[PDB]
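Going down the list, the sequences are from chains A and B. Every letter in the first sequence is one number past the one before it in the authors' numbering, and letter 907, counting from 1, is 957. Every letter in the second sequence is one number past the one before it in the authors' numbering, and letter 45, counting from 1, is 67. Built from N, CA and C at the ideal position, the CB exists for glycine as well.
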Amino acid sequence: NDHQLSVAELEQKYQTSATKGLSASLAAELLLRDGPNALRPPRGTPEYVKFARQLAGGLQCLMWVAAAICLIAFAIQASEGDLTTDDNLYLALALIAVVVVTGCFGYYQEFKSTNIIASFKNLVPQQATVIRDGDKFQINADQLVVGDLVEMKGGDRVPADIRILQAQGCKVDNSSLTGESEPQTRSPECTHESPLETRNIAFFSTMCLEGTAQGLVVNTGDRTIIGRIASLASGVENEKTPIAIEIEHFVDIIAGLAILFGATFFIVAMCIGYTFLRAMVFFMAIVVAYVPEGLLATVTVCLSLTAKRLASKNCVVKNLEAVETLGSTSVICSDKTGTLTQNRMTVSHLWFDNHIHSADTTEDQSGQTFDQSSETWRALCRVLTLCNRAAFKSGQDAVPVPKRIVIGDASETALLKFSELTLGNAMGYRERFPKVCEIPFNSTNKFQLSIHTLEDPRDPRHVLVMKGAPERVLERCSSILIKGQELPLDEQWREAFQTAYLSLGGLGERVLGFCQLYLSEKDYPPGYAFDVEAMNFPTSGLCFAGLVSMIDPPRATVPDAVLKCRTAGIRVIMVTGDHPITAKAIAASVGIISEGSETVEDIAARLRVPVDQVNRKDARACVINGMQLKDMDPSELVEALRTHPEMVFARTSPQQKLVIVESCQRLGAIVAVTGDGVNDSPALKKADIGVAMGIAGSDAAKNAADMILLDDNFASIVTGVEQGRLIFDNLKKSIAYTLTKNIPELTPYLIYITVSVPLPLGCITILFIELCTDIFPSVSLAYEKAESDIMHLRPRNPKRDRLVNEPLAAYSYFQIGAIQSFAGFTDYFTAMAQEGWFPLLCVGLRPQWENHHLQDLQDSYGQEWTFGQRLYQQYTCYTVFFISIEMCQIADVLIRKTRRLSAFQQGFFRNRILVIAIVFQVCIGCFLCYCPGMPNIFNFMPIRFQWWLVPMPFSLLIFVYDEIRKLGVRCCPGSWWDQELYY
Amino acid sequence: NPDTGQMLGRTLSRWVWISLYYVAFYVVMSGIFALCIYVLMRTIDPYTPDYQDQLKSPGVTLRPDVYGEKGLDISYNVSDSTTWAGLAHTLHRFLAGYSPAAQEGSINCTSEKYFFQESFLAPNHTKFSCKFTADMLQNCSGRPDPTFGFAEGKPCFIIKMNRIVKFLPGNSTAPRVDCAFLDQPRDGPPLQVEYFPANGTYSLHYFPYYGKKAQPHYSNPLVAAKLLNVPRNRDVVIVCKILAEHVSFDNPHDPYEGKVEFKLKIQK
Ligand SMILES: CCCCCCCC/C=C\CCCCCCCC(=O)OC[C@H](COP(=O)(O)OCC[N+](C)(C)C)OC(=O)CCCCCCC/C=C\CCCCCCCC
Ligand SMILES: CCCCCCCC/C=C\CCCCCCCC(=O)OC[C@H](COP(=O)(O)OCC[N+](C)(C)C)OC(=O)CCCCCCC/C=C\CCCCCCCC
Ligand SMILES: CCCCCCCC/C=C\CCCCCCCC(=O)O[C@H](COC(=O)CCCCCCC/C=C/CCCCCCCC)COP(=O)(O)OCC[N+](C)(C)C
Ligand SMILES: CC(C)CCC[C@@H](C)[C@H]1CC[C@H]2[C@@H]3CC=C4C[C@@H](O)CC[C@]4(C)[C@H]3CC[C@]12C
Ligand SMILES: CNCc1ccc(OCc2cc(Cl)ccc2OCc2ccccc2)cc1
Ligand SMILES: *[C@@H]1O[C@H](CO)[C@@H](O)[C@H](O)[C@H]1NC(C)=O
Ligand SMILES: *[C@@H]1O[C@H](CO)[C@@H](O)[C@H](O)[C@H]1NC(C)=O
Ligand SMILES: *[C@@H]1O[C@H](CO)[C@@H](O)[C@H](O)[C@H]1NC(C)=O
Ligand SMILES: [Mg+2]
């Protein structure tokens, strides 16, 4: 394209001038023809649309349907003949209010997260230098058009996609756009065929680090590379979260059970002489009854508590559903530059005394240092400190050395920070050796030189320090400083040097050679006139000091975080735009490639055979570059992914990152993506959960992400995985607890319709159970500790391991809720008989009992009752059934603390929140029972003490039965009992 | 999910074992529930209820009981006999259970005092109940007037108190029925009533009630209120209260506790 074309071939497509630029009129016409040089802002979404999205979801839709059914049944009953139909209105209002309040809470969570994240986004106007009809003036960046001749210098952001016409030592920072970590040279010569790998193209939004450059604007606005990436990210659709899928599966289970029960009892009501309309109303009532009211609030509160715990560790989720995806994650596709690494060149290895040392590269310097007690080291440190022009910006003392801002090149910055960390007071050491001559780095010499004076006044010798490319230095330096002695080069030092240089290069590191040469007093006395244009000073026969290599090193917590993720069964794949050698070296450093793992190239090198001769099954590690990936079909990509457990993708475009994520998801995996730059925004959007760095992350990446690491701490991924697994287990427990009580709320109504006993439980007291007494105990189960080493387990199978499954539903409903129903009916019949109504008289009593025209109905003793007195007795039955359910739910919350361990093992009082929730539940029950006015406000009665005691043996039975079940599970793993009775 | 080999994700043999487990579980739970009910009924006293929390004051009912849409509403036409034929039939059917043939199981009662019985000295291990016969209602007994005064415009209303085991209304004087206009006619005079038995009292020897097992022949004492100055072609509200020391009629949530309130309209 524009980079493969010549200056003659160009300068006519855009009607411009390589020397004079564009005419002003033509620039105006082009600024009309195309848009301003900027990216269109995202369409966004109105705040009311964002709020309305919170009202959707599987559980919300089930509740909306239930409310609609309530209203339709109300219409039928009111249109036929029926009074006392306020229960339908109460249920519909409760459902709608829960949905709306939960939506408001989720909207508040999203608003808070968005504000916290956007507080890190600032705004600065952008201006550019342009040349038109020979003039040169500073114009706004969005005013530029295609064909504009522009000027760039060090420290200025590149204003558009530019084909470089002339350059003088120009280097750019492409780390956000590509994966490249080192500064890249821009030259006016084409060096590749892809525009993303050629040195004659500068990219919009990148930073010019040093030097000057001129060129023509060849792409603008959304047609730039970053604009194309943004457009690609816009076309990626965000799929539903694993937790949302689990909730939808749970809704399917609930709907199936509701329909089955409703149809069965519709048939029963037909068989016992009800009309079709009444039986249909009964079916609708049962279907609505199976829909839990407070479960949505409980789930939302649990997710919010997990989000609060994560935010305590500077890990912010943009939506509540994202707090579980890491727990479900089986594959992590991680970006390298800026995500696994610090995106900052740092001294890593030093070769002196015929040995390769290792420097501390951690940003907090909490690492392993090297031996700094050698004469060769004390000379090498002096050389690298003196032969350096970099300088810190003033006013930096409390800022740590790695994060301090310095003025100079990346290599000189790394050398200066290394001097400050190892020697200390590099500025003082440099000023104590005054400089009398200096030669800057140039493309021909490929070295930098300077002559200084020694600190001690006794010594008049001038020290010469030289820094440059390793071979361009070793061509000089006939002597070498070994163990504090100046040895000559006997073809053995020249091969040790070559081996060290090749090893450092193969470690993906940039190497510099250092040397010194003290000047004799006779030949160069003090006051000697050193001339840079005469080369009077000696430039050969120096004393080689050592090699220093630099790399963009991993963040401090990254290697241990990767190790923990792999221990948790999670596959970690590096996907980077950087070069394969650096990518492989970093992958080995951070544990993505294990010690001893080899690629096919490594196996071939060891076995002295061609690559195709080896077996790809023997190679655990694999490195695939973007060019190989482009010629790879999905079948072969899947084959490579399955064949090589430790995988590195290098030279990977944003589209190719998207393709890799899509392939991993197509294999059935739940995929997490961690990235920082614009090049991983599409992959971040496509991932099941996108994680972006907060400090290092670009705006596009943070917008695409679901989770933001504010402090750029990668171990927060491990924290997220642990919290996700814990919240999955605890949500399972909380849901089982919530579902248990639905059966004792429904069975009294079924008995009321079919057997015609006086109503044992009212709609108001059911609402109190659902929304006031059990929400706090259900939420308190979110504080349960893990029952095993949750971080040594494999990720759950998404197809088989469901949040709510058949054993959980069947146990919670038809064993525990059945016991609770029996307790409730025992208390019901006790309270009825002790007040004069025997059970057999209760059977079939409903029409007379509810008849407003009967004011002397006889009880079992022949006593005559008014309707009001019978109604107060009915409220007493409501209260005893309520208290039975509450007493059994205390034991239920006790047994839901664990799924396998005993309550004695886990601890009864370890969950202080659970203990407080139990106390609060009992207190609210007592308040409802014995507050004055309750019989006529909420229809709760001041029941006698013995009706508190009746359900207690049933609660004890619940606890004992669950303990025996879990003991059977623990003692007989793999048995029929474990397969059928464990949830 | 359904398949020949593994039906609903479970083999046929496994379905047998899981169904057997659930059957055993429900049989055990039903047995526990039946045991609890058996223990309850073994601890229940057959003659006296354990508690009377909702029966602190007796309800009051009225015959003939005709309801509108908010309570009792009686409306007929002295000219048109078919309007009160149903009312007089209701009164006749209610008083059928107070004939001497229906009262053969009770004994004569004259003490005018609490019939406290601490032993089972009646036949078949019961306690004595005292007779109440229709002729105690004099003109409102259905003879010699089979219309109960509805034809003449002075209808009889039978007022009966709900019976409560061992309840005592108070022995300083017999409990008494008092009927009056709820809101007195600003033009007409106050309600004039003639009561049968005289003074509208329930004799104290009908109390206490010992329940249906001890007194299977018990009959609630009755008071007949003959209303004598009801205006014609006009809605009136009548309230009949029970006057006794232990009977209260101030319950805002039960309008039948201690009193009965009906609407009355007599057309000419
Ligand atoms: C309808 C219900 C009404 C009543 C609701 C609660 C009212 C207030 C009652 C209690 C508040 C907390 C009192 C704490 C006192 C004990 C002192 C303590 O030592 O505790 C401090 C806790 C420490 O944590 P930990 O050691 O327990 O964690 C261990 C488990 N690990 C590490 C795995 C997470 O600090 C924390 O937990 C964070 C702060 C406390 C949060 C837990 C309390 C529950 C709050 C909200 C949930 C209820 C929502 C209400 C209904 C909403 C419907 C939409
Ligand atoms: C999925 C499987 C569900 C199974 C549910 C349970 C099925 C069996 C339940 C009831 C059927 C009858 C069997 C139980 C009979 C009760 C036990 C018993 O032998 O008692 C003895 C009494 C007779 O004594 P008496 O009065 O002559 O003595 C008077 C003594 N003196 C005079 C001193 C007071 O016999 C009686 O009361 C008979 C009256 C008992 C029945 C009352 C009405 C029950 C209706 C509905 C309750 C259902 C609850 C279901 C909860 C779980 C749902 C999942
Ligand atoms: C875990 C922390 C627990 C902290 C303590 C809980 C709060 C305690 C505060 C107040 C309770 C006492 C004051 C209210 C009762 C007197 C009002 C009244 O009048 O009740 C009277 C009955 O009283 C009694 O039988 C004696 C008192 C017993 C009260 C029940 C016990 C409540 C305690 C529950 C805690 C259970 C804990 C163990 C299980 C859970 C373990 C985790 C009702 O009169 P009646 O039915 O005869 O009238 C009927 C006539 N009619 C209807 C016209 C009014
Ligand atoms: C017969 C009455 C008492 C009810 C049935 C009792 C139930 C709970 C008992 C009796 C027979 C038992 C089964 C006997 C056979 C098998 C198959 C074996 O591979 C695992 C145990 C298992 C699955 C048992 C499960 C529990 C069981 C079904
Ligand atoms: C967790 N679910 C709570 C829950 C449990 C049980 C239940 O029973 C139905 C029911 C009970 C009572 Cl007391 C009164 C009225 C009732 O239905 C009225 C009705 C409602 C919808 C359609 C048609 C009719 C209802 C909700
Ligand atoms: C019924 O009462 C009305 C007055 O409300 C009267 O006109 C009519 O004659 C009475 N009935 C008969 C059939 O006499
Ligand atoms: C009951 O006593 C009354 C009044 O003495 C009497 O008229 C009546 O005959 C007695 N009952 C009998 C024996 O039928
Ligand atoms: C009841 O009938 C008697 C005669 O049998 C009579 O003296 C008395 O006045 C009548 N009372 C009324 C109001 O009918
Ligand atoms: Mg990056």
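Apart from sequence neighbours up to five positions away, the residues of its chain that approach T248 (chain A) with a beta-carbon distance below 6 Å are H53, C240, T241, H242, ordered along the chain.
Fully contained in the stretch 81-105 of chain B are the following beta strand (DSSP E) runs of length 3 or more, in chain order: 82-85, 94-99. If only complete runs of 4 or more residues are kept, the stretch 744-828 of chain A shows the alpha helix (DSSP H) at 749-754, 766-790, 792-804, 813-818, in order along the chain. Within the stretch 604-686 of chain A, complete beta strand (DSSP E) segments of at least 3 residues are found at 621-625, 671-675, given in chain order. Contact of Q913 (chain A) with chain B is assigned, a C-beta pair being separated by under 7 Å. The three-state secondary structure of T348 (chain A), taken from DSSP, is helix. In this structure, DSSP gives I993 (chain A) a state outside helix and strand, which the three-state scheme calls coil. In the displayed model, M585 (chain A) falls within coil according to three-state DSSP, outside both helix and strand. Contact annotation: the stretch 371-384 of chain A touches the stretch 729-749 of chain A, with at least three C-beta pairs closer than 8 Å. Within 8 Å of the CB of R185 (chain B), the CB atoms of chain A belong to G912, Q913, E914, in sequence order along the chain. Chain-order list of chain A residues neighbouring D272 (chain B): empty, with the shortest C-beta distance near 13 Å, by a criterion of under 7 Å. Counting only residues of its own chain and dropping the five nearest sequence neighbours on each side, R115 (chain B) has no CB closer than 7 Å to any other CB. Between the stretch 249-264 of chain A and the stretch 339-359 of chain A there are fewer than three C-beta pairs closer than 8 Å, too few to call the two in contact. Residue pairing by DSSP places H512 (chain A) opposite A:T503 in a beta bridge. Around the beta carbon of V698 (chain A), a 10 Å sphere encloses 16 or more other beta carbons of the protein chains shown; the residue is thus reported as buried. In the three-state DSSP reduction, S871 (chain A) falls in the helix class (H, G or I). By the neighbour-count criterion, in which 16 or more other beta carbons inside 10 Å mark a residue as buried, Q548 (chain A) falls on the exposed side. Counting only the Cα atoms, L597 (chain A) lies some 10 Å from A519 (chain A).
The distance from the Cβ of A671 (chain A) to that of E696 (chain A) is about 4 Å, consistent with a contact at the 8 Å cut-off. At a cut-off of 7 Å between beta carbons, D67 (chain B) makes no contact with chain A. At a cut-off of 6 Å, the beta-carbon of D726 (chain A) counts as near ligand 9: some heavy atom of the ligand is closer than that. A Cβ closer than 6 Å to some heavy atom of ligand 2 marks a residue here, and those residues are A:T797, A:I801, A:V805, A:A868, A:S871, A:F872, A:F875, A:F888, A:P889, A:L890, A:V893, B:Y48, B:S52, B:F55, B:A56, B:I59, B:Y60, B:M63, B:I66, B:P68. Our two residues, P604 (chain A) and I297 (chain A), have alpha carbons roughly 39 Å apart in a direct line.
Under the three-state reduction of DSSP, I720 (chain A) is assigned to coil, being neither helix nor strand.
Shown here for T270 (chain A): same chain residues with a beta carbon closer than 8 Å to its own, the five before and five after excluded, namely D84, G85, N87, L194, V195, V196, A210, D211 in chain order. With contacts defined by Cβ atoms closer than 7 Å, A429 (chain A) and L531 (chain A) form a contacting pair.
In the DSSP assignment, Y568 (chain A) falls within the beta strand (DSSP E) that extends over 560-568. Contacts between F47 (chain B) and chain A, judged by CB atoms closer than 7 Å, involve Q865 in chain order.
The residue from A:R896, A:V149, A:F594, A:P1001 with its alpha-carbon nearest to that of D877 (chain A) is A:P1001. If the five residues before and after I840 (chain A) are omitted, its C-beta is found closer than 7 Å to the C-beta atoms of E772, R775, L776, all from its own chain and listed in chain order. A Cβ-Cβ distance of about 5 Å is found for the pair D1028 (chain A) and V1019 (chain A), placing them in contact under the 8 Å criterion. Those residues that bring their Cβ nearer than 5 Å to a heavy atom of ligand 8 are B:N161, B:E216. Note on geometry: alpha-carbon atoms of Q104 (chain A) and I293 (chain A) lie some 15 Å from one another.
In this structure, B:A247 is the residue among B:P86, B:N242, B:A247 with its C-alpha nearest to the C-alpha of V215 (chain B). Take the alpha-carbon of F879 (chain A) and the one of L77 (chain B): they are about 18 Å apart. Listed in chain order, the positions of the stretch 784-818 of chain A with a beta carbon within less than 9 Å of a beta carbon of chain B would be empty, since no residue qualifies.
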